[PDB]
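Engineer: Provide a 3D model corresponding to the input given below.
(6 chains, ligands or ions: 1)
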Amino acid sequence: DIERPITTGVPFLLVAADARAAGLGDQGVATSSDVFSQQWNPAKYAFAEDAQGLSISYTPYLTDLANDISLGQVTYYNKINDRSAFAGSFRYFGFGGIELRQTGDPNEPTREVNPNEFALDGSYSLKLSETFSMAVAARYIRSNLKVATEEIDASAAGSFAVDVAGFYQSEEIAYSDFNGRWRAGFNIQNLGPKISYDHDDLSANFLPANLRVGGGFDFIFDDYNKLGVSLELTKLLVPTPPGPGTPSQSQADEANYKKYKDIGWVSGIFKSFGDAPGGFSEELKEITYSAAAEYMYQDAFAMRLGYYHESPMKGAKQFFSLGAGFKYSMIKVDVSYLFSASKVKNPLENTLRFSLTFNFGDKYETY
Amino acid sequence: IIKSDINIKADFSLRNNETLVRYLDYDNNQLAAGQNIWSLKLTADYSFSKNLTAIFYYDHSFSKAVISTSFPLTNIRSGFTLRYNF
Amino acid sequence: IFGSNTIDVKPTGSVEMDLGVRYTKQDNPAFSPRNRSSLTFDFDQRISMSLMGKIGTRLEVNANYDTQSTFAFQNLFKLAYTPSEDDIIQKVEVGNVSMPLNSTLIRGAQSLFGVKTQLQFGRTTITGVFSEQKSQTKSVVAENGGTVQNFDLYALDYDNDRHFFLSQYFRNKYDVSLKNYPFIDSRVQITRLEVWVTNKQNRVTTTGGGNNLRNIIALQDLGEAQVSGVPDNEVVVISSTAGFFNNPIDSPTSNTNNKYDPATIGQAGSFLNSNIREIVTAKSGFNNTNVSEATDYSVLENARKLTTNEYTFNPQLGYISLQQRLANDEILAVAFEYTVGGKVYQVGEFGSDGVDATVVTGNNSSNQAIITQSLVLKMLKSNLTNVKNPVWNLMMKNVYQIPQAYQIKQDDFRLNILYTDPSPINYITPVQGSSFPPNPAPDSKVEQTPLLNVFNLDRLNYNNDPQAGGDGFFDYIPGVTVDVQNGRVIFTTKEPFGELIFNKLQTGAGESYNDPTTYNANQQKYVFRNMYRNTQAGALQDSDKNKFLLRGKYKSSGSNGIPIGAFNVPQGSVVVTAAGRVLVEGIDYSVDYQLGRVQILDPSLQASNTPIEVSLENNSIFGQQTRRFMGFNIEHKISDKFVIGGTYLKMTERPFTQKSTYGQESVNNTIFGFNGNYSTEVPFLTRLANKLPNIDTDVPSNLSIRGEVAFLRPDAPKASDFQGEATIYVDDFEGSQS
Amino acid sequence: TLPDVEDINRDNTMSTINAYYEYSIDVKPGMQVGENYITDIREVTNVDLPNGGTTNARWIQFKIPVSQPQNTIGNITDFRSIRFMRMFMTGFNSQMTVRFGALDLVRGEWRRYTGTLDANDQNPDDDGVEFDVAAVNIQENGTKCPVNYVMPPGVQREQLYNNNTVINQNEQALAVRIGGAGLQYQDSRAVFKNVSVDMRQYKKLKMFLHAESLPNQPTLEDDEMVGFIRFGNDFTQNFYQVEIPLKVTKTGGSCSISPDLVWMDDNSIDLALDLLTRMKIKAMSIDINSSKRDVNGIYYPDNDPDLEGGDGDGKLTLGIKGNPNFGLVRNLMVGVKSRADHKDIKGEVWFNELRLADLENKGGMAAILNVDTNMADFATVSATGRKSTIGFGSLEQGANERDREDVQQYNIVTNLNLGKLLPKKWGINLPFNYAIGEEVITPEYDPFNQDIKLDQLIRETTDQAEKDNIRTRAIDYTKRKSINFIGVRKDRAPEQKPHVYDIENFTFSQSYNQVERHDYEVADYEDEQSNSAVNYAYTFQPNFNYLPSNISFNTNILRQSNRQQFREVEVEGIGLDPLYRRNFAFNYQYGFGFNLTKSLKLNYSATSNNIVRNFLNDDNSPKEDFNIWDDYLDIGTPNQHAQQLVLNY
Amino acid sequence: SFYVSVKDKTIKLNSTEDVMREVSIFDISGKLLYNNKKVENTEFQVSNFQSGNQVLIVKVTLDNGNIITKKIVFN
Amino acid sequence: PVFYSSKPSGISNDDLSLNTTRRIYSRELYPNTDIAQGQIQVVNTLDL
Ligand SMILES: CCCCCCCCCCC(CCCCCCCCCC)(CO[C@H]1O[C@@H](CO)[C@H](O[C@@H]2O[C@@H](CO)[C@H](O)[C@@H](O)[C@@H]2O)[C@@H](O)[C@@H]1O)CO[C@H]1O[C@@H](CO)[C@H](O[C@@H]2O[C@@H](CO)[C@H](O)[C@@H](O)[C@@H]2O)[C@@H](O)[C@H]1O
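Structural biologist: Numbering: from 1, shown residues only, chains lettered A, B, ... in the order given. You can find the structure just below:
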């Protein structure tokens, strides 16, 4: 099963937060530009068709067990020129309100705790050429999951991170049977200082520094039927912890952990490439991939199919995803569902994701 | 360019409770229970459109300790709730 | 691909967003200064959307999303693609789908999420499904309306720490007084009872019966006189009974029975001084020498009086049943008063007749003396458990709680006693090389005697009139053998699996129930003395004795209709089988799907006592493994009245981990089968009917023949396999050591 | 914020009793595992400190068995009321800090078996044997000094997702330690669990075992300690016994030993339950007083000189005492036994992953035939025939829920509209219902012994009377008959004036039900129910008025007859005396409403329950030869009579 | 109506006359920590070491078959 | 935790490096026990 997973702080940052990308196998780095294109590739906000947009996303957790445990996302973008765009997003994971009750009469004033985790990020995307765009994003992450007790301090832990992303979208290219369009993108995510959950420099966790690379092709037939095929590759930019031993018996393990944990995040980013006994063939074992297909009808109905594969030695998250999208006038609705293919219970099994986006403002022509 | 009425609703409450146990034959009035809660709930409506409504809310609650087994508790909830109709 | 290019999927409902801050400050000084206040961000979503519409006259959408909907199955999403009638593909459905089957052996599933495809090749139609099943199959059995609930209780599983004899007198009167039940051979009528327990709630209110807090001293031996068949050491803990008792041997329990009489505290020859009234000097309040703080007495300072809703009591048999069991170090103490004809007896001190709680001398706080005085009560349970003291014997061990039984009635309650060694047999056989006592009394027969008679539970007929060997049924007497309000069964002896069966097996006076070394080797295997002389956990060490089984059933009807134990049942998932035949959903019964009520409409079935089986899907489940439901159904039509079928179904459960513990197994079952349906019209039967004396009908006569064969191929998933073999863990020992 | 009070359990009362158990621990610089209750030591080599330096550290795990107090203060004899815990430090001469990374009371699901297991000693609470049961964890005992805890080969830690974090679950083994004076030659110590396990659908019972010597004690040698499982319905009379001599893991060098040497395959239990069945069938032929039995009464086939092949397992020693049943295991015991004759052995034994393997997944089949016909709105017939074999079931049913029985069943229901045989002018509703059917159920397993298949038991009997008894007592047979006349009435003419004496105001219902059964528990069972009802109702249509506004009346004859003859399972020669329940009742109620005045109003009602006791003798003994129709129109003596009067003014 | 209290890592179920039939306590990972089919309106003792988890989900099945869910903090 | 997270006046880094005062993390006592990220990673020892 899962041998030597990468341990990072705030792992909620890597969860797909919108139904459209979830339905496409948790990938968005090289799909078409959309309102949710901040977690995946902020650089394609410069390629948006509408001037500005707002989105609400709901990803419930443990739906059979409890309500109000969910990951919510609000995104707003505003492309001002034909070349630039501003975007701000807010991802929020919370357990809902929990009342701290110790009986002591059924009218006692009870404290209510709301353990939660959120990331607030803003990005600016600029079109360098007519087909290429870049973006920089700044993110504030705050983790507040623990509940205050005696001898447990529930002070929130925070960190800052930056993202550098690029998006390529070619013009329409006519072929023998169709006039297709190519897409590519990269996103280096969550680059920032380590997050200290216990507010001590000796005990700090790497931010989930992530590299997403992907490409996409759009099969366009009959000028109103689209088949979008996209591929994505993802690698964590965090050093892998030591395993059996690489210098008594436990002394080697403790020394290896000590040398692993005394690694800077900047140096850890470069040490992610390697730091394992295996070669390049076994280095590819740290790469996750996802393949997706999206059929578009009139640009108002979409059907999404996606496969996500994490190498079962790490994480072991393998699933198929189905998604559908509907656009009424200015409102888009997206739902997605996950079919797990791994031994380990996926927390998002048997869960329907829901996304809702509003598009308003002027309309920009696509090149 | 956008005109709407602002509906203000404010609700204040102050509740005092006291349980006393009194001895008849000597001065032994025992404070056995108590509660000294006050709460304030403010709300403010604004219809930005026929479908879009913005509400500001401010809930402030303070419970004072009457006997030492209870701790003073302040609960403040304030923010904006955006509501859209289809 | 779609008929038109119009898209009219329209959203309905609302979306609500909360953006705010939560601030909390609780002034607990024990908290760290770092936890002085909590300032968190508040974000909430309240989506209540609905999506209905059409895409190009071929695609249909019916979606509904509610974040506030309890249970996630109510968030529906259905995509139906219906092409032209000339196409091979007749229907594609994605989302919430169902796979209904017209089969008795192979049931379909109604609560599925996946893809359902229907094809047609001329006259053969193939329906395939691949989905995840969101529901669980549940079955209930109903007779005469109400659902049947079966129960199984071994003798060791009595209702412990809840039922207490008020005195040794009542405990030793119990068996003889119930010899000729329902007639009770006792004139005792408990008229007043006050029950006190250790106060841990420590909450003062005016509404729950007031604020009656008192200091208590509970004496183990209070009010006890000697007993004819029992030596004094199992009646009273007191070290020496010399000069203790002052009433004749078999006197009813009463304060005046011994020298612990609270009315004579410190008079001339009392065993108690006035120091007994004070908590501080409680030990010095005894005149006798060897007195221990948890054996002879127990003290409480702010003992709380139970209200009448926290216990019931049997006024004739002199025992009490608490609402909440005292499974811990709690202290139980009572004062009670009862009549025997014109005679009134009191055993404790009531608040009305006890000493005052407080006496104050002096005029101001500098010279005032506070005397706080305790009520003298009878101890029913001590602070520290000692199974060798007589107070232990006050706890009744002959009361069995029928699980979840609330308002049991006769004709809706069955109970039998069986000996399971290992199979359930309703009689007892002697140890090989021995025999049961010869020439027994008719009430003492054991050989070839049903265990209901052996344990004195069947001497009456249906109308509770005595019948020689019983009627074969448990004697249902609401004040003696059953507690109707709480669903409890009470044996007519205090130790049915101990002394009663010992006596039925006794062959001579050399055998003594209290000396197991004298047992006659039938008593050695059948007498469970330890379940009465030891705690339940202690009795676990006598593993060979817990073989007597209380088995039965009760019917809970309550209101009209069968309660099927589920709510918002999916439509079309309810199957009702009466006597091996499947009933018809519109003729024989009706279903109220929201409340989970099945109403039987066939008049013959309602007046039949025939057990009715109800199968249904319920999606009100949690913590369940993911279930994959896949398969196909072939429905070739041979002619207009002849159709054959080809069902094949597979269901795989996905285990949470690779270790399946016993009870939480995963299945990988496959089922397939074939069906035939031949439905003709027979005008000959109509003509024959018109040949009958006064019949001039013209409705057609139909004949319908249905056959089906099914094959089940079970298995377990490869995920829960250890070293290539399907594995169930009886104990991996990860759940030990809490 | 709480006042200081001399009342710690907050029961308002200050206890002064000093009856408690004493346990003690030495605190000294060089403590080692195996003494002073120390069970594990974890050395920490280089701790990063906030000042930039490093330090050594040593974490010591203690486990103080509560059942082995060093001393007793006052009068306490059991552990049923333990209300307080106290810790205090003494003996130190200077400032001493003790830091508790953990401090717990630990409770286990496995209970030490008190009481003797071998009859040779029969004095368990003596001899100074230290018997401790605990658990060894991968999370807490990876540095255990004699042998580090490792998973058995092939065993993996379970993995779950907490919140986007992979969590490896703990892997634990049950550890039993024998110390003090040690184990006598044939003495044993064991722990037990009360369970409910059906092992009939699996072929193998497996468990990992490990044995090691105690530090500072004489070394344990191979095949001196015997691990055993004892399971069944008890531990003294009805159990299977599975024993295995234990090879001891060699200690003395490094603490880290490979899992293949910690959990030797030679020490693994791999028991085929068919061997248990063979042993039970063979022990059927062994007398309980036979010399082939042990002093405990256990029959060991391996010790039987006249049996070839022993118990069929070369590695395991199998035993059986008194007809246990692995179809319903109520009691599970694991323990250690000694085989060293002139020695007192000490050591530690681990038990891990007790499991069932090799699912018996042969399936089954079922066939259903339905015939439904209607005869021109006069007659309807529905016939059903079902046949299912052992192993069939639903898709959702697990290993122990699928059919362990062959079922043959049919059912015929007929409905006749007998009112159509009379002229439609004077219309009579005369519906007739007739239902018949029976089901035959043959179990896979013989109900006696509960875990031997019926076919195998019949084959291995070699006695015609016993074979016939076994075959017939297993059949579960039910026959049902239903005859109904519910709702008999005459409809009014299309234009007819209602009258008080009209026969149109009456309704008649007759129901008859009969169930005949015989199965493993009852050799003869008959249930008969008859229900006759007559209903009347008439509403009159328009000193004070005396004409009633309405009149109601209904009568009910209810007869229930039960005959139960419980079977003697051993022989079909006599049977128990049959038991009779009879519930012959006669019920009638009448009511009428008045409207004496436009304001006055009177409703009267009376109900009467009569019981018919014609089936009883002069003494309280039932009559066997009393038919349910004997005196049908007999009103008995009154049992309950009620009246109700309602007056509105 | 139904309220759950946790004092000293002891969970107590208090229902206003609603009789409960089964209790299941789940970790935030969805893991079953404690199942009891013999609920007695009483105090359950769940093993106190939960590897840093604080939030538990209590699922209570009543006799009628309804399910009551409460999120608690294991302190 | 105030001694470790926001050092009060008069408390130095040496005062917090003693094996009698230092913060104990679960990884030191339980190296094989996995704690979810953001959950409690410190062992709150009872010190006598
Ligand atoms: C970080 C958060 C940012 C949030 C931005 C909110 C923007 C709200 C603008 C309302 C809006 C967008 C729809 C949003 C609905 C999604 C709400 C989802 C809530 C989920 C819980 C509805 O407009 C649509 O909705 C219909 C509503 O019925 C309208 O009907 C009518 O609606 C009413 C006439 O507008 C009638 O009075 C009503 O009679 C009708 O019915 C239609 O006109 C139209 O289809 C139209 O947007 C337009 O309004 C202007 C006003 O200044 C905004 O100007 C900009 O504002 C800043 C940009 O913010 C910029 O900086 C600023 O430079 C710039 O001046 C632009 O936005 C503009 O494009």
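
Engineer: Can you show me the CA trace of stretch B:15-23 as CSV?
Structural biologist: Extracted in CSV, the C-alpha atoms of stretch B:15-23 (Å, rounded to 0.1, in the frame of the first residue of the first chain):
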residue,chain,number,x,y,z
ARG,B,15,-32.3,38.0,31.4
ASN,B,16,-31.4,37.7,35.1
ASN,B,17,-32.0,34.4,36.9
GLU,B,18,-31.3,33.6,40.6
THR,B,19,-31.9,30.5,42.6
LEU,B,20,-31.6,31.1,46.4
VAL,B,21,-31.9,28.6,49.2
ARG,B,22,-32.8,30.2,52.5
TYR,B,23,-32.5,28.9,56.0
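
Engineer: what comes into contact with that stretch?
Structural biologist: By Cβ atoms under 8 Å, 6 or more residues apart in numbering or on different chains, the surrounding residues in contact with stretch B:15-23 are B:28-38, B:66, C:204-206, C:211, C:358, C:360. C-betas here are computed from N, CA, C, even on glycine.

Engineer: What subset of those residues is buried?
Structural biologist: Burial by neighbour count, 16 or more other Cβ atoms under 10 Å in any protein chain shown: within the contacts of stretch B:15-23 this picks out B:32-33, B:35-37, B:66, C:204.

Engineer: Can I get these in JSON lines including secondary structure and distance to chain E?
Structural biologist: Output for those, formatted as JSON lines (DSSP: H, G, I helix; E, B strand; the rest coil; distance: Cβ to the nearest Cβ, whole Å):
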{"residue": "B:32", "secondary structure": "strand", "distance to chain E": "20"}
{"residue": "B:33", "secondary structure": "strand", "distance to chain E": "17"}
{"residue": "B:35", "secondary structure": "strand", "distance to chain E": "17"}
{"residue": "B:36", "secondary structure": "strand", "distance to chain E": "22"}
{"residue": "B:37", "secondary structure": "strand", "distance to chain E": "18"}
{"residue": "B:66", "secondary structure": "coil", "distance to chain E": "21"}
{"residue": "C:204", "secondary structure": "coil", "distance to chain E": "19"}
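
Engineer: Of these, which are in range of chain A?
Structural biologist: Counting by Cβ under 8 Å from any Cβ of the partner chain, B:33, B:35, B:37 from these sit close to chain A.

Engineer: Quick one: these as CSV, columns for distance to chain D too.
Structural biologist: Output for these, formatted as CSV (distance: Cβ to the nearest Cβ, whole Å):
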residue, distance to chain D
B:33, 15
B:35, 16
B:37, 18
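
Engineer: and of the residues you listed, the nearest to residue D:450?
Structural biologist: The shortest gap between residue D:450 and any of these belongs to residue B:33, at 60.0 Å (Cβ to Cβ).

Engineer: and chain F, which residues reach chain E?
Structural biologist: Within chain F, the positions adjacent to chain E are F:26, F:33-36, F:39-41 by Cβ under 8 Å from any Cβ.

Engineer: circling back: columns distance to residue D:457 on top of the ones next to chain A among the buried ones among the contacts of stretch B:15-23, output as JSON lines?
Structural biologist: Below are those laid out as JSON lines (distance: Cβ to Cβ, whole Å):
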{"residue": "B:33", "distance to residue D:457": "71"}
{"residue": "B:35", "distance to residue D:457": "73"}
{"residue": "B:37", "distance to residue D:457": "74"}
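
Engineer: Tell me the residues of the stretch 351-500 of chain C that contact chain E?
Structural biologist: Proximity of the stretch 351-500 of chain C to chain E (Cβ under 8 Å from any Cβ) is limited to residues C:404, C:406.

Engineer: Give me every residue in the stretch 351-500 of chain C that's in contact range of chain B.
Structural biologist: Counting by Cβ under 8 Å from any Cβ, the residues of the stretch 351-500 of chain C lying close to chain B are C:358-360, C:365, C:368, C:370.

Engineer: 10 Å instead, please
Structural biologist: Residues of the stretch 351-500 of chain C found near chain B (Cβ under 10 Å from any Cβ of the partner chain) are C:356-365, C:368-370.

Engineer: Out of those, which end up buried?
Structural biologist: residue C:357.

Engineer: dump the residue contacts of the residue in the stretch 501-649 of chain D that chain F sits nearest to.
Structural biologist: Closest residue of the stretch 501-649 of chain D to chain F, Cβ to the nearest Cβ: residue D:520 (52.0 Å). Applying Cβ atoms under 10 Å, 6 or more residues apart in numbering or on different chains to residue D:520 gives the contacts C:423-425, D:443, D:446-448, D:473-476, D:567, D:569.

Engineer: hmm, 6 Å instead?
Structural biologist: D:447, D:473 (Cβ atoms under 6 Å, 6 or more residues apart in numbering or on different chains).

Engineer: how much space between it and residue D:446?
Structural biologist: Remark: distance between residue D:520 and residue D:446 (Cβ to Cβ, to the nearest Å) = 9 Å.

Engineer: Tell me how far the residue of the stretch 51-200 of chain A found nearest the ligand lies from residue A:32.
Structural biologist: Closest residue of the stretch 51-200 of chain A to the ligand, Cβ to the nearest ligand atom: residue A:76 (4.1 Å). If you measure residue A:76 against residue A:32 using Cβ to Cβ, the figure is 19 Å.

Engineer: do the same with residue D:82
Structural biologist: On the measure of Cβ to Cβ, residue D:82 and residue A:32 end up 69 Å apart.

Engineer: Neighbour count for the two, which is higher?
Structural biologist: A direct count of neighbours by other Cβ atoms under 10 Å in any protein chain shown for residue D:82 and residue A:32 places residue A:32 higher, at 24 against 14.

Engineer: How about that one, nearest residue that isn't a chain neighbour?
Structural biologist: Sequence neighbours aside, residue A:228 is the residue nearest to residue A:32 in space, at 6.5 Å (criterion: Cβ to Cβ, 6 or more residues apart in numbering or on different chains).

Engineer: what number of residues lie near that neighbour?
Structural biologist: 23.

Engineer: What residues does chain B have near chain D?
Structural biologist: Within chain B, the positions adjacent to chain D are residue B:68 by Cβ under 6 Å from any Cβ of the partner chain.

Engineer: which residues in chain B form strands?
Structural biologist: With DSSP state E, the ranges of strands along chain B come out as B:8-21, B:30-47, B:52-64, B:73-85.

Engineer: now these in TSV, with distance to residue C:542?
Structural biologist: As requested, these are exported to TSV (distance: least, Cβ to Cβ, whole Å):
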stretch	distance to residue C:542
strand B:8-21	50
strand B:30-47	49
strand B:52-64	55
strand B:73-85	54
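
Engineer: I'd like to know which of the ones you listed is closest to residue A:105.
Structural biologist: Of all the strands of chain B, strand B:30-47 sits nearest to residue A:105, with 7.6 Å by Cβ to Cβ.
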